[PDB]
Amino acid sequence: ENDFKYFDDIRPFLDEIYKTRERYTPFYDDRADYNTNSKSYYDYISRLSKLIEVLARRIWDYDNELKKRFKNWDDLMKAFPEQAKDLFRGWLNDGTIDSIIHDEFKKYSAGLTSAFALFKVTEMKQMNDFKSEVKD
Amino acid sequence: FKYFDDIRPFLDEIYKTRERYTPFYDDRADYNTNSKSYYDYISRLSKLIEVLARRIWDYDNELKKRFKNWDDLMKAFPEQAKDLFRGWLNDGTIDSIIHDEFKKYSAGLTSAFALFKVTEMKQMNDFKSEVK
Amino acid sequence: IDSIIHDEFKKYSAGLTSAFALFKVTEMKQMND
Amino acid sequence: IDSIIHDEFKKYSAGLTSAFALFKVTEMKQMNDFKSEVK
Amino acid sequence: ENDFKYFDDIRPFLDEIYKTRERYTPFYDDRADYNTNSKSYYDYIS
């Protein structure tokens, strides 16, 4: 399409400064002695003074940041035995499984549930008989 | 022509002066007042304000190139969609179109008018039982 | 080790014994029935 | 391992057996009391 | 980790004085005769 004339409306204001940029000397004059005042030493230590205080404070307050950073070292130290015992209880989960769990605790599940459920079934049959012989 | 050149060797060009030896006691600068220095400084400073506007022309010329490439590719795209569809017809995925076109709609129309006609017949049996 | 025996690995027996107690309470309230 | 198998085995197994034995004998005493109430 | 950027926020204010520290002589001037008053004998016996 014939769109994007944003490179194009600059053109009548980009030839303009090229016209009035270098054809000046028949139109103007070189006189009148304009004074120039440019920045003595007080502006130089202006340029240096804010610059040094903005890092003077930012190395004066390095102590509290560093105090944080050797506080959390000791926070890690007091957190470490917890993490060690937490790591230890991770592996014995699979560790105790090979020892007793694919083993004796399955026998305890069998004997301590199925047999006592059979005892419950006998108690229900008994109590139905006792219900009857009370009702009889 | 897209070149992020670098930022530092442009910001020194605005703070750079050669300081050649123009002699005093000549007619190059007669009164040697401090005005011709101002002319030669501001006119030499307004070069870069042409430079970055030419960079704007570079941007828009590239974007015109980009959207033109897209437009020509969209011209070419129906020539891909055709012979894509010829791939879609000479294979066996016509079993999508003929089976999903055939069975559901034909059974829907037949069962619809069958249900409507049996319901209408039940209505007429009801109506004759009303009449007689 | 007492924590890992008291862990979820025990708790089939824990919910088991609690269900047994609930069943005995069910028996006693059926006596009341 | 004599820590883990012995401290895993004996205390918990004896606790569960003696617990349900005490509960079952207490329940049986309750049923004897209940039948003495009923009759 | 990528922590402890306290050695790093000093950087834009440590290149800055290195920039404006030794490139001064096209930008400033050497004039005006600042007086310096420095501590006679009375401050010495102070």
# chains A, B, ... in the order shown; residues from 1 in each chain; ligands from 1
call {"tool": "residues_around", "arguments": {"residues": "residue D:31", "least_positions_apart": "4", "cutoff": "12 Å", "atoms": "only C-alpha atoms", "output": "count of residues only"}}
result
16
call {"tool": "residues_around", "arguments": {"residues": "stretch 62-78 of chain A", "least_positions_apart": "5", "cutoff": "9 Å", "atoms": "only C-alpha atoms", "output": "ChimeraX atom specification"}}
result
/A:57 /E:4,6
call {"tool": "write_last_selection", "arguments": {"atoms": "N, CA and C atoms", "output": "PDB file, in the first residue's frame"}}
result
ATOM      1  N   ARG A  57      27.001   7.714  51.395  1.00  0.00           N
ATOM      2  CA  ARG A  57      25.922   7.087  52.148  1.00  0.00           C
ATOM      3  C   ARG A  57      25.759   5.627  51.778  1.00  0.00           C
TER       4      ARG A  57
ATOM      5  N   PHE E   4      23.259 -10.578  46.150  1.00  0.00           N
ATOM      6  CA  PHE E   4      24.316  -9.673  46.595  1.00  0.00           C
ATOM      7  C   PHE E   4      24.744  -8.732  45.472  1.00  0.00           C
ATOM      8  N   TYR E   6      25.108  -5.579  45.887  1.00  0.00           N
ATOM      9  CA  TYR E   6      25.540  -4.406  46.619  1.00  0.00           C
ATOM     10  C   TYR E   6      26.902  -3.943  46.145  1.00  0.00           C
TER      11      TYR E   6
END
call {"tool": "closest_residue", "arguments": {"among": "A:58, A:47, A:11, A:131", "to": "chain C", "atoms": "only C-alpha atoms"}}
result
A:131
call {"tool": "residues_around", "arguments": {"residues": "residue C:1", "least_positions_apart": "5", "cutoff": "10 Å", "atoms": "only C-alpha atoms", "output": "MDAnalysis selection string"}}
result
(chainID A and resid 89 92 96) or (chainID C and resid 6:7) or (chainID D and resid 3:4 7:8)
call {"tool": "write_last_selection", "arguments": {"atoms": "C-alpha atoms", "output": "PDB file, in the first residue's frame"}}
result
ATOM      1  CA  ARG A  89      13.360 -39.308  57.299  1.00  0.00           C
ATOM      2  CA  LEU A  92      14.230 -44.502  55.545  1.00  0.00           C
ATOM      3  CA  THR A  96      12.028 -49.457  56.292  1.00  0.00           C
TER       4      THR A  96
ATOM      5  CA  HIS C   6       3.252 -43.415  64.008  1.00  0.00           C
ATOM      6  CA  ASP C   7       3.248 -42.092  60.405  1.00  0.00           C
TER       7      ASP C   7
ATOM      8  CA  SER D   3      17.245 -50.305  67.119  1.00  0.00           C
ATOM      9  CA  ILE D   4      14.766 -50.196  64.270  1.00  0.00           C
ATOM     10  CA  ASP D   7      11.679 -50.593  68.659  1.00  0.00           C
ATOM     11  CA  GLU D   8       9.390 -51.095  65.638  1.00  0.00           C
TER      12      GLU D   8
END
call {"tool": "interface_residues", "arguments": {"of": "chain B", "to": "chain E", "cutoff": "12 Å", "atoms": "only C-alpha atoms", "output": "PyMOL selection string"}}
result
chain B and resi 12+15-19
call {"tool": "write_last_selection", "arguments": {"atoms": "C-alpha atoms", "output": "PDB file, in the first residue's frame"}}
result
ATOM      1  CA  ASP B  12      31.173  12.063  22.391  1.00  0.00           C
ATOM      2  CA  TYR B  15      31.333  17.148  22.973  1.00  0.00           C
ATOM      3  CA  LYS B  16      34.265  17.036  20.545  1.00  0.00           C
ATOM      4  CA  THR B  17      36.229  19.904  19.026  1.00  0.00           C
ATOM      5  CA  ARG B  18      39.355  19.760  16.880  1.00  0.00           C
ATOM      6  CA  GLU B  19      40.551  23.299  17.823  1.00  0.00           C
TER       7      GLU B  19
END
call {"tool": "closest_residue", "arguments": {"among": "A:35, A:2, A:20, A:49", "to": "chain E", "atoms": "only C-alpha atoms"}}
result
A:49
call {"tool": "select_by_dssp", "arguments": {"residues": "chain E", "states": "alpha helix (DSSP H)", "output": "ChimeraX atom specification"}}
result
/E:15-22,41-45
call {"tool": "atom_distance", "arguments": {"atom1": "atom CA of residue B:60", "atom2": "atom CA of residue A:1"}}
result
13.0 Å
call {"tool": "interface_residues", "arguments": {"of": "chain B", "to": "chain A", "cutoff": "10 Å", "atoms": "only C-alpha atoms", "output": "PDB file with N, CA and C atoms, in the first residue's frame"}}
result
ATOM      1  N   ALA B  29      38.879  36.194  10.311  1.00  0.00           N
ATOM      2  CA  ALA B  29      38.034  36.735  11.364  1.00  0.00           C
ATOM      3  C   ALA B  29      38.583  38.108  11.694  1.00  0.00           C
ATOM      4  N   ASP B  30      37.898  39.150  11.234  1.00  0.00           N
ATOM      5  CA  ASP B  30      38.483  40.480  11.270  1.00  0.00           C
ATOM      6  C   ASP B  30      38.470  41.067  12.679  1.00  0.00           C
ATOM      7  N   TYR B  31      37.293  41.245  13.261  1.00  0.00           N
ATOM      8  CA  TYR B  31      37.197  41.814  14.593  1.00  0.00           C
ATOM      9  C   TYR B  31      37.498  40.813  15.680  1.00  0.00           C
ATOM     10  N   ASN B  32      37.655  39.538  15.297  1.00  0.00           N
ATOM     11  CA  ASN B  32      37.648  38.284  16.056  1.00  0.00           C
ATOM     12  C   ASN B  32      36.768  38.344  17.303  1.00  0.00           C
ATOM     13  N   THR B  33      35.566  38.868  17.149  1.00  0.00           N
ATOM     14  CA  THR B  33      34.599  38.761  18.213  1.00  0.00           C
ATOM     15  C   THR B  33      34.063  37.337  18.275  1.00  0.00           C
ATOM     16  N   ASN B  34      33.295  37.054  19.316  1.00  0.00           N
ATOM     17  CA  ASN B  34      32.968  35.680  19.645  1.00  0.00           C
ATOM     18  C   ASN B  34      31.656  35.255  19.008  1.00  0.00           C
ATOM     19  N   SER B  35      31.385  35.722  17.793  1.00  0.00           N
ATOM     20  CA  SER B  35      30.143  35.438  17.092  1.00  0.00           C
ATOM     21  C   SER B  35      30.293  34.386  16.007  1.00  0.00           C
ATOM     22  N   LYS B  36      31.387  34.441  15.253  1.00  0.00           N
ATOM     23  CA  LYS B  36      31.615  33.440  14.221  1.00  0.00           C
ATOM     24  C   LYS B  36      31.820  32.067  14.837  1.00  0.00           C
ATOM     25  N   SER B  37      32.337  32.024  16.064  1.00  0.00           N
ATOM     26  CA  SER B  37      32.412  30.768  16.793  1.00  0.00           C
ATOM     27  C   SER B  37      31.027  30.208  17.063  1.00  0.00           C
ATOM     28  N   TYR B  38      30.070  31.082  17.357  1.00  0.00           N
ATOM     29  CA  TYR B  38      28.702  30.633  17.597  1.00  0.00           C
ATOM     30  C   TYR B  38      28.047  30.099  16.332  1.00  0.00           C
ATOM     31  N   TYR B  39      28.224  30.802  15.208  1.00  0.00           N
ATOM     32  CA  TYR B  39      27.725  30.311  13.923  1.00  0.00           C
ATOM     33  C   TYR B  39      28.293  28.943  13.587  1.00  0.00           C
ATOM     34  N   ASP B  40      29.616  28.821  13.641  1.00  0.00           N
ATOM     35  CA  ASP B  40      30.261  27.566  13.308  1.00  0.00           C
ATOM     36  C   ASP B  40      29.979  26.486  14.342  1.00  0.00           C
ATOM     37  N   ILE B  42      26.809  26.146  16.172  1.00  0.00           N
ATOM     38  CA  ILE B  42      25.441  25.647  16.091  1.00  0.00           C
ATOM     39  C   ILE B  42      25.160  25.037  14.720  1.00  0.00           C
ATOM     40  N   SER B  43      25.790  25.552  13.658  1.00  0.00           N
ATOM     41  CA  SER B  43      25.582  24.943  12.357  1.00  0.00           C
ATOM     42  C   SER B  43      26.247  23.582  12.272  1.00  0.00           C
ATOM     43  N   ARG B  44      27.382  23.404  12.935  1.00  0.00           N
ATOM     44  CA  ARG B  44      27.991  22.086  12.967  1.00  0.00           C
ATOM     45  C   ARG B  44      27.317  21.170  13.963  1.00  0.00           C
ATOM     46  N   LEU B  45      26.523  21.716  14.872  1.00  0.00           N
ATOM     47  CA  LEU B  45      25.796  20.849  15.781  1.00  0.00           C
ATOM     48  C   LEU B  45      24.521  20.336  15.142  1.00  0.00           C
ATOM     49  N   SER B  46      23.951  21.073  14.203  1.00  0.00           N
ATOM     50  CA  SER B  46      22.711  20.596  13.603  1.00  0.00           C
ATOM     51  C   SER B  46      22.926  19.580  12.465  1.00  0.00           C
ATOM     52  N   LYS B  47      24.069  18.894  12.404  1.00  0.00           N
ATOM     53  CA  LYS B  47      24.229  17.777  11.480  1.00  0.00           C
ATOM     54  C   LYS B  47      23.501  16.546  11.987  1.00  0.00           C
ATOM     55  N   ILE B  49      20.999  16.255  13.928  1.00  0.00           N
ATOM     56  CA  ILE B  49      19.554  16.353  13.840  1.00  0.00           C
ATOM     57  C   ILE B  49      19.063  16.116  12.417  1.00  0.00           C
ATOM     58  N   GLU B  50      19.949  16.135  11.421  1.00  0.00           N
ATOM     59  CA  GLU B  50      19.611  15.508  10.152  1.00  0.00           C
ATOM     60  C   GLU B  50      19.833  14.010  10.187  1.00  0.00           C
ATOM     61  N   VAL B  51      20.882  13.581  10.896  1.00  0.00           N
ATOM     62  CA  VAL B  51      21.284  12.173  10.908  1.00  0.00           C
ATOM     63  C   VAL B  51      20.167  11.285  11.436  1.00  0.00           C
ATOM     64  N   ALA B  53      17.008  11.921  11.781  1.00  0.00           N
ATOM     65  CA  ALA B  53      15.821  11.926  10.937  1.00  0.00           C
ATOM     66  C   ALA B  53      16.001  11.033   9.711  1.00  0.00           C
ATOM     67  N   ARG B  54      17.219  10.957   9.163  1.00  0.00           N
ATOM     68  CA  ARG B  54      17.477   9.951   8.135  1.00  0.00           C
ATOM     69  C   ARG B  54      17.328   8.540   8.693  1.00  0.00           C
ATOM     70  N   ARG B  55      17.639   8.356   9.975  1.00  0.00           N
ATOM     71  CA  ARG B  55      17.406   7.056  10.595  1.00  0.00           C
ATOM     72  C   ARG B  55      15.912   6.745  10.698  1.00  0.00           C
ATOM     73  N   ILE B  56      15.082   7.773  10.892  1.00  0.00           N
ATOM     74  CA  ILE B  56      13.631   7.580  10.844  1.00  0.00           C
ATOM     75  C   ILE B  56      13.188   7.143   9.448  1.00  0.00           C
ATOM     76  N   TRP B  57      13.786   7.731   8.408  1.00  0.00           N
ATOM     77  CA  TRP B  57      13.496   7.268   7.050  1.00  0.00           C
ATOM     78  C   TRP B  57      13.907   5.816   6.852  1.00  0.00           C
ATOM     79  N   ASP B  58      15.020   5.407   7.466  1.00  0.00           N
ATOM     80  CA  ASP B  58      15.441   4.011   7.394  1.00  0.00           C
ATOM     81  C   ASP B  58      14.415   3.081   8.027  1.00  0.00           C
ATOM     82  N   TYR B  59      13.875   3.479   9.183  1.00  0.00           N
ATOM     83  CA  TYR B  59      12.847   2.681   9.854  1.00  0.00           C
ATOM     84  C   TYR B  59      11.616   2.511   8.983  1.00  0.00           C
ATOM     85  N   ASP B  60      11.109   3.617   8.440  1.00  0.00           N
ATOM     86  CA  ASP B  60       9.858   3.518   7.696  1.00  0.00           C
ATOM     87  C   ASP B  60      10.048   2.845   6.347  1.00  0.00           C
ATOM     88  N   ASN B  61      11.226   2.985   5.735  1.00  0.00           N
ATOM     89  CA  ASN B  61      11.505   2.253   4.507  1.00  0.00           C
ATOM     90  C   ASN B  61      11.563   0.761   4.777  1.00  0.00           C
ATOM     91  N   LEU B  63       9.908  -0.807   7.255  1.00  0.00           N
ATOM     92  CA  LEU B  63       8.575  -1.317   7.570  1.00  0.00           C
ATOM     93  C   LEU B  63       7.698  -1.410   6.330  1.00  0.00           C
ATOM     94  N   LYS B  64       7.864  -0.471   5.393  1.00  0.00           N
ATOM     95  CA  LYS B  64       7.214  -0.595   4.095  1.00  0.00           C
ATOM     96  C   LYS B  64       7.673  -1.852   3.376  1.00  0.00           C
ATOM     97  N   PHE B  67       5.838  -4.958   5.369  1.00  0.00           N
ATOM     98  CA  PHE B  67       4.436  -5.147   5.020  1.00  0.00           C
ATOM     99  C   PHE B  67       4.249  -5.444   3.541  1.00  0.00           C
ATOM    100  N   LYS B  68       5.156  -4.979   2.679  1.00  0.00           N
ATOM    101  CA  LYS B  68       5.070  -5.361   1.277  1.00  0.00           C
ATOM    102  C   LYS B  68       5.396  -6.836   1.091  1.00  0.00           C
ATOM    103  N   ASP B  71       2.333  -8.677   2.151  1.00  0.00           N
ATOM    104  CA  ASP B  71       1.243  -8.578   1.187  1.00  0.00           C
ATOM    105  C   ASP B  71       1.476  -9.487  -0.008  1.00  0.00           C
TER     106      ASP B  71
END
call {"tool": "interface_residues", "arguments": {"of": "chain A", "to": "chain C", "cutoff": "12 Å", "atoms": "only C-alpha atoms", "output": "PyMOL selection string"}}
result
chain A and resi 85-86+88-97+100-101+105-106+108-114+116-117+119-121+123-124+127-128+130-131+134
call {"tool": "atom_distance", "arguments": {"atom1": "atom CA of residue A:51", "atom2": "atom CA of residue E:16"}}
result
7.5 Å
call {"tool": "atom_distance", "arguments": {"atom1": "atom CA of residue D:20", "atom2": "atom CA of residue C:8"}}
result
20.4 Å
call {"tool": "residues_around", "arguments": {"residues": "residue E:15", "least_positions_apart": "5", "cutoff": "12 Å", "atoms": "only C-alpha atoms", "output": "VMD selection string"}}
result
(chain A and resid 51 to 52 55) or (chain E and resid 8 to 10 20 to 22)
call {"tool": "interface_residues", "arguments": {"of": "chain E", "to": "chain A", "cutoff": "7 Å", "atoms": "only C-alpha atoms", "output": "PyMOL selection string"}}
result
chain E and resi 10+13+17+28-29
call {"tool": "closest_residue", "arguments": {"among": "A:84, A:42, A:133, A:103", "to": "residue E:30", "atoms": "only C-alpha atoms"}}
result
A:42
